[PDB]
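Reviewing the structure listed below.
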Amino acid sequence: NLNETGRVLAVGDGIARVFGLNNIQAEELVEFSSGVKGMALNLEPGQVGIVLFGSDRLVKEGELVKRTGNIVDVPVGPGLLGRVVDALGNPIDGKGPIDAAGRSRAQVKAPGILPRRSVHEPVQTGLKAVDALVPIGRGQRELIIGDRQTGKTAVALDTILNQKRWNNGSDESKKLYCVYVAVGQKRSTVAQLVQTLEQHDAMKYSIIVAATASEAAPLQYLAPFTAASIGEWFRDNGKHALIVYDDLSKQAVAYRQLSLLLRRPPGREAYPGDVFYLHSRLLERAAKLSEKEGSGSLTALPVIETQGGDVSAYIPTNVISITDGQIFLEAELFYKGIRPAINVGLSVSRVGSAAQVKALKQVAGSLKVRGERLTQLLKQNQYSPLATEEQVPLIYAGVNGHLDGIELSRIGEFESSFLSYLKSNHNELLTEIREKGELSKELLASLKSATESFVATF
Amino acid sequence: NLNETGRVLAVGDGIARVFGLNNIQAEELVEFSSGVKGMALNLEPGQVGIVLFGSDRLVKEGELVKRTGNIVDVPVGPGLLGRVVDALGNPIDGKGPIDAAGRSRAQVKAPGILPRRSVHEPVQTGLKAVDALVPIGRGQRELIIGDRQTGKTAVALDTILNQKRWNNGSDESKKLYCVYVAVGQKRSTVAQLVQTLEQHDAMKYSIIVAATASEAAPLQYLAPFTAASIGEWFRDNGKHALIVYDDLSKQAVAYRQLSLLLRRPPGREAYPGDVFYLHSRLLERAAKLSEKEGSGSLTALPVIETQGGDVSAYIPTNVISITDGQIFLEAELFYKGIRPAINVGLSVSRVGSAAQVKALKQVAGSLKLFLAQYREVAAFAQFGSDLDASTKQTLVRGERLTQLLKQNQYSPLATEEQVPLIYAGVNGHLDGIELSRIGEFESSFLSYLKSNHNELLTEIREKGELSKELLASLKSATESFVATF
Amino acid sequence: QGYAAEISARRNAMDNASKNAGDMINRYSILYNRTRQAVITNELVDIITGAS
Amino acid sequence: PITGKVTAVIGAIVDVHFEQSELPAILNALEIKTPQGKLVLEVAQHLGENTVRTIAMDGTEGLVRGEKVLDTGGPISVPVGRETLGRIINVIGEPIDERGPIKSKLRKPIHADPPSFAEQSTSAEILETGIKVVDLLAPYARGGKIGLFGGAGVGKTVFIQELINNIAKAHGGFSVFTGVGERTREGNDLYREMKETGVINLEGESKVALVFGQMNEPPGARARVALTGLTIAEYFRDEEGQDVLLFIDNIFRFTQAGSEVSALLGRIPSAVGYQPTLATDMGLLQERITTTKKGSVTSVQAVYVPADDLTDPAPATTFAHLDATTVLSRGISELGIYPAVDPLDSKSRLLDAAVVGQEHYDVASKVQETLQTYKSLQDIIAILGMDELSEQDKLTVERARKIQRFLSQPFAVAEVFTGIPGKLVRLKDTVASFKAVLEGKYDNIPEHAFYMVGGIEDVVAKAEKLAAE
Ligand SMILES: Nc1ncnc2c1ncn2[C@@H]1O[C@H](COP(=O)(O)OP(=O)(O)OP(=O)(O)O)[C@@H](O)[C@H]1O
Ligand SMILES: Nc1ncnc2c1ncn2[C@@H]1O[C@H](COP(=O)(O)OP(=O)(O)OP(=O)(O)O)[C@@H](O)[C@H]1O
Ligand SMILES: [Mg+2]
Ligand SMILES: [Mg+2]
């Protein structure tokens with residue numbers, strides 16, 4: 001029965017040429033006898049071309065291929081929370097099976113113009129510099145771009161860790177579930193990231209999709225689209241999701257591999273012409289929806305590695321064109337001890353103040369010897385996220401001038417000694433700045449009474 | 001009979017496609033009816049790709065091709081001494097046939113880890129700039145690199161000419177037989193090179209393997225490997241051989257042509273993928289063997305022509321990575337009258353310092369440092385009196401040293417004549433002599449020691465190392481000369 | 001005193017100048033390598049498309 | 001066994017036809033019973049018409065069309081175990097030391113599948129080497145990748161031999177060396193040096209297994225030697241439960257051999273000229289070097305950098321995996337501080353307060369700051385003289401120079417050349433000693449008492465020996 005079955009004519013370079021499968025759909029998933037899965041990428045008369053989601057050793061000429069009857073799809077639902085899953089949705093943590101709420105295609109279009117809404121509610125990263133100068137909104141695409149060993153992963157991991165104070169609260173609309181797509185990363189780094197999230201309890205609300213460097217290039221290619229289809233469930237059912245891609249440069253490399261092995265002519269930087277389409281249909285899915293759809297949102301934080309610190313490269317420029325901003329982490333600052341190494345100059349969030357908390361826009365007065373202590377204050381330890389009721393005073397004391405009189409090496413100790421005192425004595429103001437979110441001028445004066453006192457007491 | 005014979009289907013540029021020849025071996029030599037012969041580099045399911053050692057004009061569609069049953073091989077032995085041979089071992093010097101002591105394939109495996117031995121014997125070039133600062137050991141691979149007309153052929157040829165001090169002796173262990181692989185060179189240049197060799201009587205211990213620019217690309221590809229197979233006879237019979245490839249860049253070009261006409265997929269710089277496996281397979285057949293194998297050796301001096309002196313190029317990078325050192329000849333020093341134009345800063349021997357002659361090592365150890373300091377101060381020199389005395393001394397020494405290391409071509413000097421001069425220099429005895437007269441000094445000094453202190457030269461070369469007492473006698477003779485010079 | 005001062009200010013000035021030259025070299029050493037990679041890639045794209 | 005026939009020979013690529021319609025799987029090993037030793041071919045593609053395209057591990061000269069070929073029924077299998085110790089193996093697993101067969105009872109395939117996500121180590125940890133500079137300022141990761149930089153004169157081979165000895169004494173773990181695409185003369189130098197040092201002992205218990213591909217071998221061989229050494233290391237891991245070092249020299253040659261094989265197989269070259277499969281080919285190797293509940297394989301990799309460009313695709317993909325770097329410099333050797341590790345250009349991701357601890361991190365940071373400031377004033381120190389400094393800067397320089405020569409260490413392997421007794425220095429002792437130096441508790445001891453002593457307890461005795469002198 002050649003209609004639903006086929007036989008391999010050839011196999012090589014991760015691509016398999018199969019006879020039959022007459023009734024096969026384009027982009028359909030197929031199962032070889034060896035259990036290895038494939039995708040029907042190109043259909044020709046009398047032969048079908050199938051990309052292999054696995055090592056080509058598993059396929060031999062003459063072997064039977066069967067239709068699974070379904071486009072490339074991934075399981076979706078809340079049962080995935082706390083799990084690690086491969087690009088195709090098979091569990092790899094060994095904790096057991098996935099209690100899927102349904103299945104959703106990998107390649108699905110982004111929502112159009114009408115369903116969307118303006119991004120107006122913040123993604124609180126816990127990092128002074130981002131929350132204060134380059135805010136990230138729910139529904140935005142914000143690129144973290146940098147060189148190797150520059151803090152890229154730590155920013156997104158802190159954004160994930162900080163949400164626990166809301167994901168625990170009963171208010172369903174403030175919660176932000178997290179997805180982390182490790183493309184090209186070593187299984188060891190991913191296992192350590194998972195243990196870090198678990199020991200900070202951040203795993204209750206995080207999903208990890210891992211297509212490691214030992215994974216065949218098709219799976220690295222596919223993982224982001226399935227991670228997006230997982231976030232799109234929270235989006236489409238009224239819930240808020242955040243997706244970190246670490247990193248798209250290696251997805252691009254994998255797509256270059258898959259293409260060049262299919263004899264697809266190389267373009268610039270040997271990349272195929274459709275790399276822009278590889279990323280655009282991935283990142284456009286990050287959208288903030290209207291109350292007609294249910295007010296969901298998917299926030300995309302793609303990561304890019306820049307060779308030699310050059311942002312003029314092809315893939316970086318493409319993702320800068322797609323995205324709504326960039327956080328450029330510069331190695332010169334990292335070595336100098338400025339961590340996180342936010343280049344506030346090249347960094348920009350083109351939605352900007354709309355998402356920022358009213359408190360911080362009121363306080364900061366567009367922060368973009370005094371400036372040196374301000375920089376020292378923006379420095380932040382890893383895995384040490386701060387709340388907005390804590391960030392507001394820190395920016396307050398530096399913008400209004402209080403900190404200029406304190407020794408430079410001692411600023412890091414003011415931060416610790418001030419917020420403790422403000423907590424030990426003045427929690428009322430913190431509660432107001434937290435609950436109301438916008439400072440009344442009388443609370444502006446209360447904060448002045450607090451700072452002009454503590455600076456003197458330090 | 002389509003096993004032993006075949007028919008040509010197509011003839012392109014230096015390439016032919018043949019039906020039949022089922023039983024043919026890869027890399028086998030075949031003869032066309034017209035007498036032209038070629039080698040079967042591509043075996044396909046129903047045709048054979050044969051590269052021709054001659055003009056396409058001699059092959060036509062429908063022509064019969066007959067196999068020899070012989071993989072491409074070259075004659076070997078001592079009968080080749082004094083001959084000029086093509087890449088396949090046919091004599092072109094016009095003299096009679098070669099009394100080969102056997103035959104050996106071109107592509108043959110280099111000797112492995114176990115049978116080799118540390119390079120411990122000197123290849124005396126007779127060029128002061130080399131024996132003293134970048135020494136070559138018997139078993140080494142040493143790249144002569146530099147732009148056109150910078151002295152490469154001259155370095156190699158002076159090394160060849162010098163060995164007549166030994167190849168006429170009876171000690172078979174010190175002789176060094178020589179092979180010159182002229183690849184892509186003009187035929188007239190090879191003719192006058194042969195003449196230069198015959199004038200100095202060097203030919204009787206030299207072999208010239210010539211694949212000139214007008215000869216087909218396959219022969220330029222093959223010639224280095226057949227010269228290697230010739231030297232390997234000496235290596236394997238307990239004898240010592242030196243092979244000078246002039247030059248391998250043109251071999252890489254020949255291989256590129258050969259492969260692109262065969263339509264093999266190219267890589268960087270239009271070169272095929274495995275050019276590294278061409279030059280390594282050629283070079284690291286050079287080796288010094290263990291006693292279990294007769295303790296022979298084969299020494300390789302490959303030449304690479306670098307355009308604009310850039311070593312970033314693909315083939316130069318590969319050869320620099322394959323070899324045990326490099327001798328860098330710079331045009332900037334050549335047209336300033338320095339000859340040989342050896343850049344002491346970029347040149348390096350990672351092996352030969354163990355092989356160097358002790359008499360020379362003792363005296364020249366500090367020449368590296370003095371020259372490295374001169375190479376810095378040279379920029380400040382033109383200013384004048386403003387310079388400190390601790391730098392004026394450097395500027396005084398390094399000038400005499402650079403004028404010492406230069407020498408005229410076809411004049412290679414014995415170690416017994418080299419060590420006294422490096423001694424006079426490093427010990428600053430030449431400082432009292434005008435820089436314009438150093439050549440008069442050297443030529444005079446040799447005559448004095450030879451005429452009034454011969455016992456010391458005799459001892460230097462009989463022992464190879466300077467006793468406590470010989471250094472003193474050399475100081476005495478050097479000073480007594482410089483004073484009365 | 002003016003002669004001494006101008007010599008000292010001609011020794012510090014050229015120091016700053018040489019260090020700025022070093023920084024410019026360290027930038028052009030990245031620009032060069034990028035152009036090298038681009039040139040090789042494109043020469044080989046041309047060769048491959050000719051060979052296809 | 002299942003028999004086939006050759007149909008094409010194009011360089012290192014050979015096509016074999018299998019009429020029986022029982023074809024060999026990809027990456028399987030076919031072998032042809034040629035004179036002068038049998039030749040192994042590795043299946044790279046299935047082209048159709050029962051034809052398989054393969055890459056040859058040895059020169060294809062002399063092959064006729066119609067030559068018989070046998071399927072070995074699996075990938076290239078190599079011997080494993082104690083028997084491989086003190087022996088030289090080629091990619092296809094044969095002895096090239098000419099001391100006879102490797103009579104191992106087991107043979108394992110080199111194309112193993114790396115451990116699952118569920119089997120990785122959940123947290124990083126340090127492989128204490130016994131070398132002060134590494135263990136303090138750039139510690140090596142257990143199961144990690146370590147890149148060793150530097151050429152001649154910088155003592156690379158002695159560093160490797162000392163790592164082998166220290167691991168074999170402290171951790172009981174054997175070692176494997178793979179020479180990937182390097183010079184044959186240097187491998188013979190390494191073999192004789194190892195025989196003299198004592199890491200190879202033909203009449204006793206050897207510590208290191210040698211796998212030697214080299215430039216003379218076709219690109220298809222160079223592309224696979226590393227997997228053979230990796231399989232020996234993995235066998236020492238999973239069966240014997242050891243922590244096993246895997247030296248690779250050089251990795252760029254693995255990448256280059258992959259590019260050559262890709263070019264020959266017809267694949268379209270990518271960026272500056274490497275194979276499109278670069279990242280995945282590097283990963284399949286590197287991600288097998290990892291820690292598991294049975295043990296750990298830790299890799300020390302020589303990393304050549306083309307055109308000094310740390311951004312050439314090969315360096316970039318290699319560095320993406322490396323967990324540590326160790327730079328051996330001619331400049332530090334000119335100062336006489338063997339083993340010449342630059343304490344400032346070397347780095348490690350595992351030098352974080354979470355992994356090593358604050359007791360360690362504070363000492364390491366303070367030491368690097370001391371040396372960085374000393375270097376930052378290492379010119380005016382000569383112009384104005386050490387007396388013209390501030391007294392605090394003067395004290396920092398006195399600490400810096402003392403530390404700089406305290407990072408020196410005598411190696412037990414080099415005893416047969418240097419004549420000095422060699423020592424281990426444990427991690428506790430190193431950290432405590434450098435803390436004691438940072439606190440100034442041994443300021444009053446002259447600099448030379450820190451040169452090649454070991455720990456501070458020996459700085460004491462050497463100060464007493466100078467006092468006697
Ligand atoms: N905000 C921070 N403050 C201080 N140190 C940090 C901070 N963020 C990260 N680090 C440290 O710097 C290192 C940076 O690693 P990071 O998480 O940035 O990897 P990456 O840059 O995302 O990925 P790769 O390094 O592979 O390109 C880590 O070892 C971490 O301990
Ligand atoms: N040591 C020397 N002293 C004087 N002249 C020299 C010396 N060495 C080389 N020359 C001269 O420089 C020229 C060098 O040609 P040579 O035989 O070295 O070929 P080459 O430098 O390899 O040039 P090409 O690349 O064209 O072969 C000759 O004219 C020769 O006379
Ligand atoms: Mg990262
Ligand atoms: Mg010449």
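All residue names refer to the structure tokens as shown: chains lettered A, B, ... in order, residues numbered from 1 in each chain, ligands numbered from 1 in order.
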6 Å contacts from chain B to chain D using only C-alpha atoms, as number ranges by chain: B: 23-27, 42-45, 113, 273-274, 280-281
Could you turn the residues from that selection into a file that holds N, CA and C atoms, as a compact mmCIF listing (two decimals), in the first residue's frame?
# COMPACT_ATOMS: atom_id res chain seq x y z
N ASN B 23 39.59 -4.16 -15.13
CA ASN B 23 40.55 -4.65 -14.16
C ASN B 23 41.60 -3.61 -13.79
N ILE B 24 41.44 -2.36 -14.23
CA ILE B 24 42.47 -1.36 -14.03
C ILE B 24 42.56 -0.97 -12.57
N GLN B 25 43.79 -0.76 -12.11
CA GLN B 25 44.08 -0.31 -10.77
C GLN B 25 44.06 1.21 -10.70
N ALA B 26 43.62 1.72 -9.55
CA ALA B 26 43.64 3.15 -9.32
C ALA B 26 45.07 3.66 -9.31
N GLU B 27 45.29 4.78 -9.99
CA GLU B 27 46.60 5.39 -10.14
C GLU B 27 47.51 4.58 -11.05
N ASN B 42 40.52 8.76 -11.81
CA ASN B 42 39.12 8.55 -11.50
C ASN B 42 38.64 7.25 -12.13
N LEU B 43 38.16 6.34 -11.30
CA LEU B 43 37.48 5.14 -11.75
C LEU B 43 36.00 5.30 -11.45
N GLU B 44 35.18 5.21 -12.47
CA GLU B 44 33.75 5.42 -12.35
C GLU B 44 33.03 4.12 -12.67
N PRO B 45 31.72 4.05 -12.46
CA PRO B 45 31.01 2.79 -12.69
C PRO B 45 31.07 2.29 -14.11
N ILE B 113 55.96 6.12 13.67
CA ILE B 113 56.51 6.67 14.90
C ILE B 113 57.75 5.89 15.33
N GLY B 273 40.17 19.87 -1.68
CA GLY B 273 40.09 19.72 -0.24
C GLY B 273 41.39 19.29 0.38
N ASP B 274 42.01 18.25 -0.18
CA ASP B 274 43.07 17.51 0.47
C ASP B 274 44.47 17.98 0.07
N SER B 280 51.67 17.11 3.07
CA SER B 280 52.14 16.33 4.21
C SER B 280 52.64 14.97 3.75
N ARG B 281 51.85 14.29 2.94
CA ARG B 281 52.25 13.01 2.38
C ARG B 281 53.57 13.13 1.63
Taking only C-alpha atoms and all ligand atoms and a cut-off of 7 Å, can you tell me which residues surround ligand 1, written as JSON, numbers by chain? {"A": [147, 148, 149, 150, 151, 152, 153, 154, 155, 305, 339, 340, 380, 381, 382], "D": [320, 349, 350, 352]}
Residues at most 8 Å from segment 73-89 of chain A, counting only C-alpha atoms, excluding those fewer than 3 positions away in the same chain, as a VMD selection string? chain A and resid 70 92 to 93 95 98 to 106 203 to 211 219 to 220 222 to 224 226 to 227 229 to 230 233 to 234
Neighbour list for segment 401-404 of chain A as a PyMOL selection string, cut-off 8 Å, only C-alpha atoms, skip fewer than 5 positions in-chain: chain A and resi 369-370+373+411+451-452+455
Output as a ChimeraX atom specification the set of chain C residues within 9 Å of chain B, with distances taken over only C-alpha atoms. /C:40-41,43-44,47-48,51
Could those selected residues go to a file with N, CA and C atoms, as a tab-separated table (two decimals), in the first residue's frame?
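Printed below is again.tsv as written:
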chain	number	residue	atom	x	y	z
C	40	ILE	N	36.91	35.09	1.54
C	40	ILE	CA	37.04	33.66	1.26
C	40	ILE	C	35.67	33.07	0.98
C	41	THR	N	34.70	33.37	1.84
C	41	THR	CA	33.36	32.83	1.66
C	41	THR	C	32.83	33.17	0.28
C	43	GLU	N	34.44	34.23	-2.55
C	43	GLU	CA	35.18	33.59	-3.63
C	43	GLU	C	34.73	32.15	-3.80
C	44	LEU	N	34.46	31.47	-2.68
C	44	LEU	CA	34.06	30.08	-2.76
C	44	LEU	C	32.59	29.92	-3.16
C	47	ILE	N	32.91	30.10	-6.85
C	47	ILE	CA	33.46	28.87	-7.43
C	47	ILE	C	32.42	27.77	-7.42
C	48	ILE	N	31.70	27.61	-6.31
C	48	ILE	CA	30.69	26.56	-6.22
C	48	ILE	C	29.59	26.79	-7.24
C	51	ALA	N	30.62	25.70	-10.40
C	51	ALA	CA	30.79	24.25	-10.49
C	51	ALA	C	29.48	23.48	-10.42
Taking the DSSP assignment computed from this structure's backbone, write out as a PyMOL selection string all residues of segment 259-479 of chain B that belong to alpha helix (DSSP H). chain B and resi 259-261+275-283+314-322+331-334+358-364+367-377+389-405+415-426+438-452+454-463+468-479
Enumerate as a count of residues only the residues belonging to chain A that approach chain D to within 8 Å, with only C-alpha atoms taken into account. 38
Students should find that atom CA of residue 414 of chain A and atom CA of residue 371 of chain A are spaced 16.2 Å
For the strand (DSSP E) assignment from backbone DSSP, which residues of segment 38-225 of chain D qualify? Please present them as a VMD selection string. chain D and resid 39 to 48 51 to 56 68 to 75 77 to 79 88 to 89 107 to 109 145 to 149 175 to 182 208 to 214
Could you list, as a ChimeraX atom specification, all protein and nucleic acid residues with an atom at most 9 Å from ligand 2, counting only C-alpha atoms and all ligand atoms? /B:127,146-158,185,189,193,246-247,303-305,329,334,337-341,406-411
Those same residues, written as a compact mmCIF listing (two decimals), in the first residue's frame with N, CA, C and O atoms?
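Writing done, so here's out_15.txt:
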# COMPACT_ATOMS: atom_id res chain seq x y z
N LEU B 127 76.50 28.40 4.60
CA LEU B 127 76.03 29.77 4.67
C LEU B 127 76.00 30.19 6.13
O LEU B 127 75.32 29.56 6.95
N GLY B 146 59.67 32.78 0.75
CA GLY B 146 59.92 34.17 0.41
C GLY B 146 59.45 34.52 -0.98
O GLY B 146 59.16 33.65 -1.81
N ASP B 147 59.42 35.82 -1.23
CA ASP B 147 58.95 36.35 -2.50
C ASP B 147 59.96 36.06 -3.61
O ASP B 147 61.10 35.66 -3.38
N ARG B 148 59.50 36.27 -4.84
CA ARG B 148 60.33 35.98 -6.00
C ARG B 148 61.61 36.81 -5.98
O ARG B 148 61.63 37.96 -5.54
N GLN B 149 62.68 36.20 -6.48
CA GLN B 149 64.01 36.81 -6.51
C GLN B 149 64.39 37.36 -5.13
O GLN B 149 64.54 38.56 -4.92
N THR B 150 64.53 36.43 -4.20
CA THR B 150 64.97 36.75 -2.86
C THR B 150 66.08 35.84 -2.34
O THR B 150 66.56 36.07 -1.23
N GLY B 151 66.47 34.82 -3.09
CA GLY B 151 67.61 34.00 -2.74
C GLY B 151 67.32 32.57 -2.38
O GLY B 151 68.19 31.90 -1.81
N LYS B 152 66.13 32.06 -2.70
CA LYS B 152 65.75 30.72 -2.27
C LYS B 152 66.58 29.66 -2.98
O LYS B 152 67.26 28.84 -2.35
N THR B 153 66.53 29.67 -4.31
CA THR B 153 67.29 28.71 -5.09
C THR B 153 68.77 28.80 -4.73
O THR B 153 69.47 27.79 -4.73
N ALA B 154 69.24 29.99 -4.38
CA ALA B 154 70.64 30.17 -4.06
C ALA B 154 70.99 29.50 -2.74
O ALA B 154 72.05 28.88 -2.62
N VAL B 155 70.11 29.60 -1.75
CA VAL B 155 70.35 28.93 -0.48
C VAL B 155 70.44 27.43 -0.71
O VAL B 155 71.40 26.76 -0.28
N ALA B 156 69.44 26.87 -1.40
CA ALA B 156 69.44 25.44 -1.64
C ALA B 156 70.68 25.01 -2.41
O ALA B 156 71.32 24.00 -2.08
N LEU B 157 71.04 25.77 -3.44
CA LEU B 157 72.13 25.37 -4.31
C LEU B 157 73.48 25.49 -3.60
O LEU B 157 74.38 24.69 -3.84
N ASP B 158 73.62 26.46 -2.70
CA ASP B 158 74.84 26.55 -1.91
C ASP B 158 74.96 25.39 -0.93
O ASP B 158 76.06 24.83 -0.77
N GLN B 185 59.47 25.30 -13.09
CA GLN B 185 60.59 26.15 -13.45
C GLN B 185 60.81 26.15 -14.96
O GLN B 185 60.45 25.22 -15.67
N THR B 189 66.35 27.72 -17.01
CA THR B 189 66.86 27.85 -15.65
C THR B 189 67.42 26.53 -15.16
O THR B 189 68.48 26.50 -14.53
N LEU B 193 71.25 25.78 -14.24
CA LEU B 193 71.52 25.22 -12.92
C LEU B 193 72.37 23.97 -13.02
O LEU B 193 73.32 23.78 -12.25
N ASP B 246 61.61 22.88 -5.45
CA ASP B 246 61.57 24.25 -5.95
C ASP B 246 60.61 24.26 -7.14
O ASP B 246 61.03 23.99 -8.27
N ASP B 247 59.33 24.52 -6.91
CA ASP B 247 58.74 24.84 -5.62
C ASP B 247 57.33 24.26 -5.52
O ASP B 247 56.67 24.04 -6.54
N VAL B 303 60.51 24.83 -1.00
CA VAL B 303 60.47 26.25 -1.32
C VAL B 303 59.02 26.67 -1.53
O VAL B 303 58.25 25.96 -2.18
N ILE B 304 58.66 27.82 -0.98
CA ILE B 304 57.36 28.43 -1.18
C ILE B 304 57.55 29.89 -1.55
O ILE B 304 58.19 30.65 -0.82
N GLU B 305 56.97 30.28 -2.69
CA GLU B 305 56.98 31.65 -3.17
C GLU B 305 55.76 32.37 -2.61
O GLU B 305 54.62 32.07 -2.98
N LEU B 329 63.11 34.56 3.78
CA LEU B 329 63.88 35.49 2.97
C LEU B 329 63.00 36.68 2.61
O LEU B 329 61.90 36.50 2.08
N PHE B 334 66.79 42.26 0.83
CA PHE B 334 67.49 41.85 -0.39
C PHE B 334 67.88 43.05 -1.23
O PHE B 334 69.02 43.13 -1.71
N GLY B 337 70.78 45.22 -0.31
CA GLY B 337 72.09 44.65 -0.51
C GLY B 337 72.48 43.53 0.43
O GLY B 337 73.60 43.02 0.32
N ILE B 338 71.61 43.14 1.35
CA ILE B 338 71.90 42.01 2.23
C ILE B 338 71.65 40.73 1.46
O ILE B 338 70.62 40.57 0.80
N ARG B 339 72.60 39.81 1.53
CA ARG B 339 72.58 38.62 0.70
C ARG B 339 73.35 37.49 1.37
O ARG B 339 74.58 37.57 1.48
N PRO B 340 72.69 36.42 1.82
CA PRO B 340 71.27 36.09 1.81
C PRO B 340 70.41 36.92 2.75
O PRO B 340 70.83 37.28 3.84
N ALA B 341 69.19 37.20 2.29
CA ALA B 341 68.27 38.08 2.98
C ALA B 341 67.47 37.34 4.03
O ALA B 341 66.23 37.38 4.02
N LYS B 406 76.58 38.22 5.52
CA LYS B 406 76.39 38.27 4.08
C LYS B 406 77.62 37.74 3.37
O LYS B 406 78.75 37.94 3.82
N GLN B 407 77.40 37.07 2.25
CA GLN B 407 78.47 36.43 1.51
C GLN B 407 78.01 36.21 0.08
O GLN B 407 76.82 36.19 -0.22
N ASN B 408 78.99 36.08 -0.81
CA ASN B 408 78.70 35.96 -2.23
C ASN B 408 78.26 34.54 -2.57
O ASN B 408 78.61 33.57 -1.90
N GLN B 409 77.49 34.43 -3.65
CA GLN B 409 76.87 33.16 -3.98
C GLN B 409 77.87 32.25 -4.68
O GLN B 409 78.80 32.70 -5.34
N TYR B 410 77.65 30.95 -4.51
CA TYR B 410 78.57 29.91 -4.94
C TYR B 410 79.90 29.97 -4.20
O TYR B 410 80.92 29.49 -4.70
N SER B 411 79.91 30.57 -3.00
CA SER B 411 81.05 30.54 -2.08
C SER B 411 80.59 30.04 -0.72
O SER B 411 80.41 30.84 0.21
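Separating atom CA of residue 285 of chain B from atom CA of residue 111 of chain B is a distance of 6.5 Å.
As for atom CA of residue 316 of chain B and atom CA of residue 250 of chain B, they are spaced 11.9 Å apart.
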Neighbours of chain A in chain C at 9 Å, counting only C-alpha atoms, as a PyMOL selection string: chain C and resi 30+34+37-38+41-42+45+49
Using the selection just defined, write its residues with N, CA and C atoms as a short mmCIF file (atom, residue, chain, number, x, y, z; two decimals), in the first residue's frame.
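For reference, selection-v2.cif as written:
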data_model
loop_
_atom_site.label_atom_id
_atom_site.label_comp_id
_atom_site.auth_asym_id
_atom_site.auth_seq_id
_atom_site.Cartn_x
_atom_site.Cartn_y
_atom_site.Cartn_z
N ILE C 30 40.48 43.52 13.80
CA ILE C 30 39.20 42.83 13.72
C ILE C 30 38.54 43.09 12.38
N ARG C 34 37.51 40.12 9.65
CA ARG C 34 36.17 40.02 9.09
C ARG C 34 36.20 40.07 7.57
N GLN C 37 37.48 36.69 6.17
CA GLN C 37 36.46 35.64 6.14
C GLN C 37 35.44 35.90 5.05
N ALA C 38 35.01 37.15 4.89
CA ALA C 38 34.02 37.46 3.88
C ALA C 38 34.56 37.19 2.48
N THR C 41 34.70 33.37 1.84
CA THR C 41 33.36 32.83 1.66
C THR C 41 32.83 33.17 0.28
N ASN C 42 33.00 34.42 -0.14
CA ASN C 42 32.37 34.83 -1.39
C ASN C 42 33.11 34.28 -2.60
N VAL C 45 31.73 30.86 -2.80
CA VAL C 45 30.37 30.86 -3.33
C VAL C 45 30.40 30.97 -4.84
N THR C 49 29.07 28.02 -7.32
CA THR C 49 28.01 28.27 -8.28
C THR C 49 28.48 28.06 -9.71
#
Tell me which protein, DNA and RNA residues are within 12 Å of residue 425 of chain A, counting only C-alpha atoms, leaving out same-chain ones fewer than 5 positions away, and put them as a PyMOL selection string. chain A and resi 418-420+430+450+454
If we count only C-alpha atoms, what is near segment 459-473 of chain B at a cut-off of 12 Å, once residues fewer than 4 positions away on the same chain are taken out, given as a PyMOL selection string? chain B and resi 122+165+356-363+414-420+423-424+427+449+453-455+477-480
